[PDB]
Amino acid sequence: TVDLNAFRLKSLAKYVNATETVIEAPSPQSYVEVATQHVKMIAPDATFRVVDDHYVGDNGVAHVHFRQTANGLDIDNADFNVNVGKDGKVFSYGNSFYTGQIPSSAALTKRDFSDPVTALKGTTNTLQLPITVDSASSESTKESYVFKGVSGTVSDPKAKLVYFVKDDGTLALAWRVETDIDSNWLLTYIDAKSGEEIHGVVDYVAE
């Protein structure tokens, strides 16, 4: 497999710290409701989902995570995290939401994008993965697929259609290709339209 360092995601989130949160603010309540209202104020045009992993820390601060959506798909690298103080006001927050023009749903409706198997092959070839891909794909429970007939992975590879914010700030329609090869466990974001370009690779394995 190739040097994956070249494919790392970017670090261009914003963190609005506790001091700046007070400053930037407009001059019991549920923490999820408080956080949701806050996301709507910061990003009034965004559609999003509340991630099902929110909790109150033993410090009394609640943490709520949001994932932006577009046309019924996740924008997989567009996140908002809201920390709610024990006083029920937003304490601090981070976000990487996309604020540009949202693409038409036409390409999705028309299904005008690559086969997930093409995405798997493009991933394997470009990254030079030690796996064999004379595979087939099968639907799962939303534009999400499992691959059969693949050799060299610890479990069946998968593909999910998402949007992805590229390094130039624009949205790509992409397959997120998951391949666990034990030494590395990869999420590869490969363009589903233009040119089959890889936009980023996440490795769950760290040294």
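In this text, residue numbers run from 1 along the sequence as written.
The segment from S27 to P28 is interrupted, since 4 to 9 residues of the deposited sequence in that interval carry no coordinates. Per the record, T141 and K142 are separated by 1 to 3 deposited residues that are missing from the model. In this entry, the higher average B-factor at the C-alpha atoms falls on 18-26, of the pair 184-192 and 18-26. When 128-136 is weighed against 84-92, 128-136 comes out higher, by mean CA B-factor as recorded in the entry.
Within the listed group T109, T123, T99, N71, the record reports its top CA B-factor for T109. Looking only at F48, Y145, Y163, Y31, the residue with the top Cα B factor in the deposited structure is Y145. Ranked against the other modelled residues of its chain, the C-alpha B-factor of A172 as given in the entry falls in the middle third. In the PDB entry, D156 places in the highest third of its chain by CA B-factor. Sorting the modelled residues of the chain by their CA temperature factor places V150 in the highest third. In this PDB entry, the Cα temperature factor of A6 sits in the middle third of its chain's modelled residues. Ranked against the other modelled residues of its chain, the C-alpha B-factor of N59 as given in the entry falls in the highest third.
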